[PDB]
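Peer 1: Take the sequence shown: its position 5, counted from the start at 1, is 569 in the entry's author numbering, and no numbers get skipped. For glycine and all other residues, C-beta sits at the position ideal for the given N, C-alpha and C.
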Amino acid sequence: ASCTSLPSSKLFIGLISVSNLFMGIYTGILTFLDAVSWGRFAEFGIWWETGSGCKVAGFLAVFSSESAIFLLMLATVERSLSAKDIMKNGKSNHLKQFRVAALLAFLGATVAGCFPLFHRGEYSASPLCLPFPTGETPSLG
Numbered sequence: 565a566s567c568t569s570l571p572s573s574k575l576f577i578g579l580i581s582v583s584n585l586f587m588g589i590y591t592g593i594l595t596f597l598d599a600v601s602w603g604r605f606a607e608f609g610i611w612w613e614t615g616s617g618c619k620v621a622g623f624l625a626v627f628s629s630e631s632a633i634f635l636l637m638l639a640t641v642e643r644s645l646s647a648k649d650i651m652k653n654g655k656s657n658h659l660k661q662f663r664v665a666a667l668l669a670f671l672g673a674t675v676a677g678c679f680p681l682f683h684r685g686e687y688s689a690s691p692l693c694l695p696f697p698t699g700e701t702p703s704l705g
């Protein structure tokens, strides 16, 4: 909200917070669905599981988790590069490079999330729509 220079640390905190947005959104959708099915989950069970909603929620959760982890490694690598320049040169700036790396990490996360979609049955293993070694064994493992 403050129109400042937004240094690299603040931007990294912000983007990790956006990953937090998707985590919280996924969890809140879960609750919302559970509250809708208060005492009547079985009625919505199959419809949700085979429906597009389960795929959407599972992909969103997987993407949010993987993106959080990847943003974390990007932030740690950037901080280490800043420290290395501090003890080596005196100035570090890979703003465009790190933005490109963040976008590539988002691409990898989305690819991982969409991979179960093409195999027709990986995501609907559980109502939570979470990769488990219960149904499709090889790909999920």
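Please specify which runs of the alpha helix (DSSP H), each continuous and at least 4 residues long, are wholly inside the region 601 to 630, giving them in chain order.
Peer 2: Qualifying alpha helix (DSSP H) stretches, in chain order: 605 to 614.
Peer 1: If you compare alpha carbons, which of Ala669, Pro691 and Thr698 is closest to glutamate 607?
Peer 2: Ranking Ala669, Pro691 and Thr698 by Cα distance to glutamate 607 puts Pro691 first.
Peer 1: Taking 8 Å as the threshold, find out whether the region 633 to 642 comes into contact with the region 590 to 601 through three or more Cβ pairs.
Peer 2: The region 633 to 642, when compared against the region 590 to 601, does not touch it at the 8 Å Cβ threshold.
Peer 1: Quick one: measure Cβ to Cβ for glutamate 630 and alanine 673, integer angstroms, because I've assumed they're closer than 8 Å.
Peer 2: Yes, they are in contact, since the Cβ atoms of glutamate 630 and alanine 673 sit about 4 Å apart, within 8 Å.
Peer 1: Ends of the alpha helix (DSSP H) at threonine 701?
Peer 2: Residues 701 to 704.
Peer 1: Assess, as a yes-or-no matter, whether the region 674 to 687 is touched by the region 617 to 632 under the definition of 3 or more beta carbon pairs within less than 8 Å.
Peer 2: At 8 Å Cβ cutoff, the stretches touch.
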